[PDB]
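K.L.:
Provided hereafter are the protein sequence and its experimental coordinates.
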Amino acid sequence: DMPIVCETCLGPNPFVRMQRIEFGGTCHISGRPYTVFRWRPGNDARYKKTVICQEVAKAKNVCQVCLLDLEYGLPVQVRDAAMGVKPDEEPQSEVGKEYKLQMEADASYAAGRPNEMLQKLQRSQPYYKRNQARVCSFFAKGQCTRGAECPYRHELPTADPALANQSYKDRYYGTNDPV
Amino acid sequence: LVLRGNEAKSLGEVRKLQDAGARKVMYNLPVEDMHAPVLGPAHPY
Amino acid sequence: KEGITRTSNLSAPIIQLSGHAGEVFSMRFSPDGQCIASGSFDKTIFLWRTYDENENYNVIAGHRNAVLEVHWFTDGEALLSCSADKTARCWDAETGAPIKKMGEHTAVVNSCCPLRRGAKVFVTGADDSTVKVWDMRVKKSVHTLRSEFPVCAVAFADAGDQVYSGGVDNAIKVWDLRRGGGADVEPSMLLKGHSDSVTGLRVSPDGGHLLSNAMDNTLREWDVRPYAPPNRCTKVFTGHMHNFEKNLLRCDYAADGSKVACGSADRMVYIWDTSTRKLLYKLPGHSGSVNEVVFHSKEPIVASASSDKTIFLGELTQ
Amino acid sequence: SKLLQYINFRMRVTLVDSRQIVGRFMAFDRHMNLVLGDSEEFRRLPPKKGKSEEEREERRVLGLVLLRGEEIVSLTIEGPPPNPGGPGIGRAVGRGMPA
Ligand SMILES: [Zn+2]
Ligand SMILES: [Zn+2]
């Protein structure tokens, strides 16, 4: 009825026009058809859409968009490390994952003292710069004709080359998440 | 006749509260009944 | 179970009235308390029974824009509807026919109040800064006064010779209509103390007190007794809200003068005890700004109308 | 004519010989013909001193009568004529609360 979203991934505007595409995608983790939500966080933003199921979202207390934790905004590793909790038991397989889901249908993150570790390692103001156009792939190759008009960032990619290959399932579960 | 009276009365049953979870209100009560918060240590969340 | 002292004859102590298709801007109880006139943004008037089914037995149409304000006429069979389509309309309630449609105003006819003792006469104040008095049987308007700022709320006094108009100009005015048979009369009384616009005006059941709701998020109570202190301001109420919606949020007195109900923009039905000037009921349940609240003529029943296309209809327990 | 306002309205008639006809109005002709339902003839007998003019005018009951205008002189009124449910619902609902 409403996305489960990082309040950074709603941008500065207290008013949000968001598109609701029911059955608009497959959860990037449970592979399930779910209701997608799409919106422009702010005027400098792009159009971000939810990436995972609503359940698969509220299991690990992560945003449906950035897959970062909901309380502190750090990847699911960094929060699981400071939470000290076991490795993910949840089945990687989708037969397994859907079986776990159809079970939990028919029948730990809210009650922790605020961990100083996570608090120490988090951003004070919101990373709105995460809600912004990708980089113009034609500006990189030098072949962009769209000029300043391009809705895509006219800068070059300045990124760790082991990064920029991140996996949804791994940023949601917490295994070899390079960030 | 003034012999002795207490303030024990007007409390008890009359103050009709709702369950700390219920998201409906079935009857129009005063603000101190229907509202007037639950209780207890903020909790951790 | 729970057996809490059923006040009214209504089937339940909280009844939601649905069937509208727009904001509900103003409502009114029949003088004999067994009818509801609900005027919606959908330029339509639903007529509900107050008992035994709550049946909307008639939908009267005929305005081309939102019916902003409705009262009943003193006998309860004729209805006065005021709208945004610049047209105030007299209807027969039992029948479903319109009686007299006067459209003399140039802009949205925000506010109206029909006189409760005397002839069939009602005031209407609209966006043209003119508050006009309208007698039933003549087809011309009987009076026309000109302020400079668009008229938001108007009421006709208990006794029937003065008119109260309040608007965006930070001061509510009382005018005398028999003192004025001319076209640029100057105002008789200047009730000041609201810090911005007035939205709703109700005449007290004795006629000595006037209730003003203001987007000063303040309810103010003034006395209209011609022998008053220098400051006619008596009472102040805090608690309700006005927001960017700037809807026509109104006032009401309980039929006994014991409570005062305001519509608010925080979706809450507010009911203060006039005496202690404090909040008796703060009823939730509305999804849109609460436009007008009406106290049932006989029982302590309160019915509210919201900008959420419904009307809650219930009784007060304490 | 305005005696269209006058059909079904009970009326009294004077004849030239001054005989009185009281009945109710049914139909009227251009020739001042009339149709009297429930008609009775009140004929004025001479007033014999010591009695009221009002208490002994000879009443005959004629029944349904029709009146030729040629001897119709005057007509007056005698008395009066003788003798969406809309798309609304109301349902019981609690008021929702935010906490
Ligand atoms: Zn997010
Ligand atoms: Zn480009």
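P.N.:
All right, it came through fine. Numbering: from 1, shown residues only, chains lettered A, B, ... in the order given. Ligands and ions are numbered 1, 2, ... in the order given.

K.L.:
Quick check: buried residues in stretch A:160-171?
P.N.:
A:169, A:170, A:171 (16 or more other C-beta atoms under 10 Å in any protein chain shown). To be clear about C-beta, it is placed using only N, CA and C from the backbone, and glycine gets the same treatment.

K.L.:
Quick check: the residue in chain B sticking out farthest from the centre vs residue B:7, distance?
P.N.:
What lies farthest from the middle of chain B is residue B:1; by C-alpha atoms, centre = their mean that is 32.0 Å. Per C-beta to C-beta, to the nearest Å, residue B:1 is found 18 Å from residue B:7.

K.L.:
Also residue C:243?
P.N.:
43 Å.

K.L.:
neighbour-wise, which of the two wins?
P.N.:
A side-by-side neighbour count of residue C:243 and residue B:7, using other C-beta atoms under 10 Å in any protein chain shown, places residue C:243 first with 13 against 6.

K.L.:
could you list every residue that touches the more buried one?
P.N.:
Contacts here follow C-beta atoms under 8 Å, 6 or more residues apart in numbering or on different chains; on that basis residue C:243 touches C:265, C:266, C:289.

K.L.:
before we move on, what about residue C:106?
P.N.:
Residue C:106 touches C:86, C:126, C:127, C:128, counting by C-beta under 8 Å, 6+ apart.

K.L.:
Spell out the residue ranges of the strands in chain D.
P.N.:
According to DSSP state E, chain D carries its strands in the segments D:10-15, D:20-28, D:34-43, D:58-67, D:72-77, D:89-92, D:95-96.

K.L.:
for chain B, that is, sorry about that
P.N.:
B:24-25.

K.L.:
Return the residues of it in contact with chain D.
P.N.:
Contact residues (C-beta under 8 Å from any C-beta of the partner chain) of chain B with chain D: B:22, B:23, B:24, B:25, B:26, B:28, B:34.

K.L.:
number of nearby residues for residue A:128?
P.N.:
Going by other C-beta under 10 Å, the residues that sit close to residue A:128 add up to 15.

K.L.:
quick one: it from ligand 2, how far?
P.N.:
Distance of residue A:128 to ligand 2, computed by C-beta to the ion, to the nearest Å: 21 Å.

K.L.:
separation between residue D:85 and chain B?
P.N.:
Plainly put, residue D:85 is 28 Å away from chain B if you go by C-beta to the nearest C-beta, to the nearest Å.

K.L.:
again, but for residue C:141
P.N.:
42 Å.

K.L.:
what sits against that residue?
P.N.:
C:102, C:104, C:132, C:133, C:134.

K.L.:
Which of the three states applies to it?
P.N.:
For residue C:141, the secondary structure call by DSSP: H, G, I helix; E, B strand; the rest coil comes out as coil.

K.L.:
So stretch C:305-314, near chain B or not?
P.N.:
Yes - Stretch C:305-314 reaches chain B (C-beta under 8 Å from any C-beta) through residue C:314.

K.L.:
Quick check: end-to-end length of that stretch?
P.N.:
12 Å (C-alpha to C-alpha, to the nearest Å).

K.L.:
Can you point out the buried residues in that stretch?
P.N.:
Neighbour count says stretch C:305-314 has C:305, C:306, C:307, C:308, C:309, C:310, C:311, C:312, C:313, C:314 buried, by 16+ other C-beta under 10 Å.

K.L.:
beta partners for the last one?
P.N.:
Think residue C:314. residue C:14, residue C:302 (DSSP bridges).

K.L.:
What is the nearest of the contacts of residue C:106 to residue C:205?
P.N.:
Nearest to residue C:205 among those, counting by C-beta to C-beta, is residue C:126 at 26.9 Å.

K.L.:
close enough to count as contact, the closest one and residue C:104?
P.N.:
No - counting by C-beta atoms under 8 Å, residue C:126 does not reach residue C:104; the two are 9.3 Å apart.

K.L.:
if we can go back for a sec, the residues of chain B next to chain D, buried ones only, as a PyMOL selection?
P.N.:
Buried members of the residues of chain B next to chain D, identified by 16+ other C-beta under 10 Å, are gathered into one PyMOL selection as follows:
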select buried, chain B and resi 25+26+28+34
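
K.L.:
now for the strands of chain D, which one comes closest to residue C:67?
P.N.:
Closest among the strands of chain D, using C-beta to C-beta: strand D:89-92, at 19.9 Å.

K.L.:
and the closest one with chain C, contact?
P.N.:
Yes - remark: strand D:89-92 sits within contact range of chain C at D:89, D:90, D:91, D:92, by C-beta under 8 Å from any C-beta.

K.L.:
so the one residue in chain B that gets nearest to chain D bridges to which residues?
P.N.:
Scanning chain B for the residue nearest chain D gives residue B:24, at 3.3 Å (criterion: C-beta to the nearest C-beta). Beta-bridge pairing for residue B:24 (DSSP bridges): residue D:96.

K.L.:
Noted, bye for now.
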